[PDB]
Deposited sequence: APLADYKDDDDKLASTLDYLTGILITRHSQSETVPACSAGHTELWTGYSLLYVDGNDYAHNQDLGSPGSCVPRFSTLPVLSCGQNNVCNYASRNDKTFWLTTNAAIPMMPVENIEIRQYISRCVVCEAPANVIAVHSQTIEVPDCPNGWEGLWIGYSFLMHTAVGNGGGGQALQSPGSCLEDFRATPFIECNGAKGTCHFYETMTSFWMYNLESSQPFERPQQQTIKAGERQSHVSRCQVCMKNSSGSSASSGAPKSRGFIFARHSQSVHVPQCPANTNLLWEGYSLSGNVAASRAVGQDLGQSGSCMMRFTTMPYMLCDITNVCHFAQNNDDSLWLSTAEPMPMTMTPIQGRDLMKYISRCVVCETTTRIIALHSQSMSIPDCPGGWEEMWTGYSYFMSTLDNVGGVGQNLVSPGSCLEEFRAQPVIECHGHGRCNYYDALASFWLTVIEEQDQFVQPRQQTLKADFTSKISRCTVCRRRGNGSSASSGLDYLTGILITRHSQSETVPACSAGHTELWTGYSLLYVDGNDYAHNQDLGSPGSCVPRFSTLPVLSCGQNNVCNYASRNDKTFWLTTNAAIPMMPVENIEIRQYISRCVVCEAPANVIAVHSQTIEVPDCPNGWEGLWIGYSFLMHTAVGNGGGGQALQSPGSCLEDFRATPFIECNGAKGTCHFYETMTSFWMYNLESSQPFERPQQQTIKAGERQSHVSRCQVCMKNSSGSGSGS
C-alpha cells in the first residue's frame, strides 16, 4: 500500500528508486514559491516537492474580479540546485537545466523517517528499521530578508545527501532567469560533540573544507508493522512514557521550532523532529555563499516546549544548568497503525472513532506567535495539537547567547469552546485566568486498533455537507477552515488534512494567552479565513446566521488505503498512477494571499491541492470579534498553470486572462487512492 518517498539528486541526474520500490514519476525539485510577497514551501520529503514540468513560473495569480494574471508581477520560484559552479550572470532558457535538481517519487512498503545525530556521528536506524541513505541535517533557508522556510526534522527532506552552502537557486518568474544571490543563506543542524550540556554555545567561524565536520549527520530509515511514529511530550523535567501498544524509539528534549534570520519555523509537536536527543540554545549554524559558516556569532533563536517551573522572582534570563528545570522532555514512539487527534471545540472530550483506541486526552493547542518573526503552529490532526497540560506560556525562547526566558510578545493560541447554538453568534469578549481550563477545547489522541487508519477530507465548496465515498466510513462533518490570523501571523490547516474540517463554526475559534497567566477571547483584532461556497458575492459584510451560506462544509472519512493528488500541469485530467483509482477530479490549487501577512498554501500531493470547483476567490475573511465576514480585493488565489504550450525552460509570457478563459489556463488534477 502506497507510502510515498521522494528523493532529490542535487544534480542534473534523475535519481532512482530502490529495487522493489515502484517509481511513480520523476521531476524537478521545488523548494518554495514566493507569490505576492508570501513564501509557500513544499516539504522536500513529500511528493509535492517533485514537479514533473519545470517553469520559472508554474503558477497563475487570480484576483477578486474574474481576471487572472500570468507572469504579470514579480513572483519567484525556488528549486534545489546542483553541484554546478555558481555563474556570474543569471542563466536563461536551457542553461537553467544545469542548475535544477531532479527528483523521483517512489512507493515504499513501510513508513520512512529521518533521524539526526546532532553530531559528526552518522545516526543508526532504530531496531526494525533499515537505512536508505545518509546525509546532512538541512534545517532552514532564506533567500533574502526573512523570506524562506524550513524542513520538518522527521521528514527525509531534512536529510540531504550532499552538503551545499547554497543548496537552492532563485528564479525570477516573469524574466525566466535563475541566479544565486549573496543574501541566500542555508541553516544546518550543528555538530554538538562534547559540548557542555546547558552551557553557553561556543561560537565558531568555520571556512571551506572544515565546514562538513561541523554539520549534524542524518540517516533516512525505512521500517522493516508499517512503523508509524509520533512524539509525546511531558511538559516537565520527567521523561514521558510511550502509551500502551507503542514502543520507545528514543527520549529527548521538546523542540518547538527555530527562529533564524527573523523567520520562525516550527517542528510539529506530533513528529519526531520535535524530540531532539541533545538540548542546546543554538542547535544550528548559518552557511553563506562564500563557503563560510557561523555558529552562534549573530542573533538567532530556538524555541522549546517548557515545564511549569516559574520564572525566578528577578525575572532575569535563565542560563547554565538551571535551564534543565525549564525544558520539557519527550519520547518518540513507534506504532503499527496511524495516530490522529480529534478536537471537540467543547467541554466534552471527544471519543475515538469506532475501531480506534485512546492514547491520551488533553487541550487543543493551535499555535504560538512571536514579535515580527511570525509564529509556529500545529496540524489539528497531529498529536502535537493535543497537549496534555494547558499552559498560557507553553514555549520558552532561547538564544545563541546561551540563555532562555519568557519574553512578553510570546503568545499561545488554543481552540475555544463553541456551544452549538453559539456558532453563528458574535463572539463575546472575555478575559480569563489561565487556570480556567473549562473555556479550552478538549482533544483526544487515538491510534487505530488490517486498516492502518488513513483519513480523507472532502470540501463541498457549498452549503451542503458532502458524503464519503462508498465503502469509506464517515468520522465527522464540519466547516472548511483555511487559516487563522492571530497576532498578525497566518497559521493554516492543509485542506487535505482533517484539521481543516472543524465540527463547529465561529468567526473566532481560538483564544490567546499571554504573560501573567491571563487569557483573552475576542479581545484584540484577529480574523479567520474559511473556504467559501458558490453563493453570489455580497455587496457588504454578512453577519451572524447569514454567514452560513458562505462557509464550505466538509466531511472526514476513514479509507482503506493511501490517497494523493496528481497534477497534469495541462488542460487534461491526469490519470492516476498505475494501480491507483480516482476519487475526484478538480483544479490545481497551490497557495493564497490576503490582507497583511495573510497567506498559505497546499502540499502538492495533498487532496487539498485539488479543488473540484475552480473559484477565483475560494475563501472568505471573517472579522473575528465583529462576527462578520466579507470578500476583499486584497485576496489572491494561486493555481498551477497550464504549461501545455511551453518548453521546460521557455520564459513565461505575460497574459491577462478574462472571465470564462480563466479555467482553460489552470492545471487539472485527480485525487487517487491506492
- Note on the structure: Taking the deposited sequence from residue 1, the uncovered stretches are 1 to 20, 245 to 256, 482 to 492, 718 to 726
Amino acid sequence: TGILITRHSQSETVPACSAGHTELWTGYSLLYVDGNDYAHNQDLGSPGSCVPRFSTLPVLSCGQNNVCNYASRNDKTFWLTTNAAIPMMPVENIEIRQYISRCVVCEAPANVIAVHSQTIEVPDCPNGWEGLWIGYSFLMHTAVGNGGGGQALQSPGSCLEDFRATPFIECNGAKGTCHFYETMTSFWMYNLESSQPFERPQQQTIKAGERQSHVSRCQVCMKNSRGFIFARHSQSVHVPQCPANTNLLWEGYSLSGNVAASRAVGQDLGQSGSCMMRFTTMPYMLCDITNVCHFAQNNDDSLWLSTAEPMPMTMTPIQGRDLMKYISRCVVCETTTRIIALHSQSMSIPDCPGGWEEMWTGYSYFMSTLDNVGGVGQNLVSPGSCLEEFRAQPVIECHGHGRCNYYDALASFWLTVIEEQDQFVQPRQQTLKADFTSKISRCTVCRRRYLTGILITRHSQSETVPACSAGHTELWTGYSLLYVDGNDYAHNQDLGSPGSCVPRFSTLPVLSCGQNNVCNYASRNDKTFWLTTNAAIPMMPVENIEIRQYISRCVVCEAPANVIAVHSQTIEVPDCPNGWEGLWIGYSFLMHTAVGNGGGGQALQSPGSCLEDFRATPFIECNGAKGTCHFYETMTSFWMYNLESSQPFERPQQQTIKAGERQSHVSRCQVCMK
From here on, numbers count along this sequence of modelled residues.
- Task: Give the stretch, out of 607 to 615 and 640 to 648, with the larger mean C-alpha temperature factor in the deposited entry.
- Result: 640 to 648
- Message: Quick check: 8 to 16 versus 657 to 665, which has the larger average CA B-factor in the record?
- Response: 657 to 665
- Query: Among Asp124, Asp268, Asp408, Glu251, which carries the highest Cα B-factor?
  - Reply: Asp124
- Top Cα B factor in the deposited entry, candidates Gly354, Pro167, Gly600, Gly375: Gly354
- Item | Ranked against its chain, the third holding the CA B-factor of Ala110 | highest
- Of the three thirds of Cα B-factor ranks in this chain, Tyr550 occupies the middle
- Task: Ordered by C-alpha B-factor within the chain, which third holds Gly63? Give me lowest, middle or highest, please.
- Result: highest
- Note on the structure: Entry-reported C-alpha B-factor of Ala490 relative to its chain, by third, is lowest
- Note on the structure: Chain-relative C-alpha B factor for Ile456 (record values, thirds): the middle
